[PDB]
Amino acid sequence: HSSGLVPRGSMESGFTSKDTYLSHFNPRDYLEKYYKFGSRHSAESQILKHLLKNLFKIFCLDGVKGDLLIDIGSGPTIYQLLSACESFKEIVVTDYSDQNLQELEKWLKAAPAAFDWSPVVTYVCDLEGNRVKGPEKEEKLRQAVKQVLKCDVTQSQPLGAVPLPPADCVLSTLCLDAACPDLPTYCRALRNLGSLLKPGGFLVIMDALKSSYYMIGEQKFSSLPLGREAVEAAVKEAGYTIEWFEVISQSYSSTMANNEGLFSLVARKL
């Protein structure tokens, strides 16, 4: 093993192996290290609020809406879907790592051991005008999530053999940097994801810029350090057109990730 020197599961290829996401990725540690939302003025909270505001604007003031939205690399998180469940009749959340989708499956049952998204749900409700309070928002979301599937962005069929109608949208937060060891792997995954999108559908990606790693405590995972133009071009060569592309300076703390901001885009398959 490497021991901090380089990302775990990467001494050989240079990039954390996907089997490492089944070995050493503890979703409950991840949730508490990035989504506690306990103090709102952590570096983690400021980033999350921006993610939530972008999702709110994309899904509640912009057009993006429809019948099916497929979220890619959900991990064990549900925040990226709270504003989205207002505009899509059905949401299918996916992930590669069985540990993350069970920690997810615990949350749709509202099982007591589950992680508490209570305050995060609350912050999205006030954004959306306080039509509802938390518990109903969570219950609106829980009925919308209609499937929990094993997923792999590196495959010709990312979702394997599971049949689904073409999605009205595909979303992916903090995954592709984590899932793709290089630019050709990165570009291939965005074409694999287009495999699930109707023509003229929406691709919504938010990720980290020039980030070579992120931490969950002391276990270090690899991240593809991409710049805006690398991402801008990678998406363009996957067969999409970018309707909006935004970049913010705000970064994770040096202890958790060495990103230089995050990016946020809306694209459409040509």
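Just so we're on the same page, rigid core means the largest C-alpha set that superposes within 1.5 Å between forms. Numbering starts at 1 and runs along the sequence shown.
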If the other structures are each fit on the rigid core, which stretch ends up farther away in C-alpha terms in 5 other deposited structures of this protein, 206-214 or 40-48? 40-48
Higher average CA B factor in the deposited record is what I'm after, so tell me if that's 135-143 or 169-177. 135-143
Between 39-47 and 235-243 (mean CA B-factor, as deposited), the higher: 39-47
In terms of the chain's CA B-factor thirds, is residue 128 lowest, middle or highest? middle
C-alpha B factor of residue 89, ranked within the chain: lowest, middle or highest third? highest
What third of its chain's C-alpha B-factors does residue 59 belong to: lowest, middle or highest? highest
Third assignment of residue 104 from its chain's C-alpha B-factors: highest
Mind checking which third residue 224 falls in for C-alpha B-factor across the chain? lowest
